[PDB]
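K.L.:
Numbering (this note's numbering), first residue to last: 53 to 98.
(1) Within the same chain, show all residues whose beta-carbon is closer than 6 Å to that of residue 92, passing over the 5 residues directly before and after it, in chain order.
(2) Under a three-way DSSP split, which group does residue 55 fall into?
(3) State buried or exposed for residue 77, treating a residue as buried only when at least 16 other CB atoms are found within 10 Å of its CB.
(4) When the distance is taken between beta carbons, is residue 71 closer than 8 Å to residue 98?
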């Protein structure tokens, strides 16, 4: 599951993914994170 720290970070993450870039690279690029669970924390609410 991916979690993003802000709305812009999520929007940037979604553009990063369009060419098929791995989630892990889009995470470090945007500040979003990958977690094994499904429940994002309050500081990664977007």
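For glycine and all other residues, C-beta sits at the position ideal for the given N, C-alpha and C.
P.N.:
Based on what the coordinates show:
(1) 55
(2) strand
(3) exposed
(4) no
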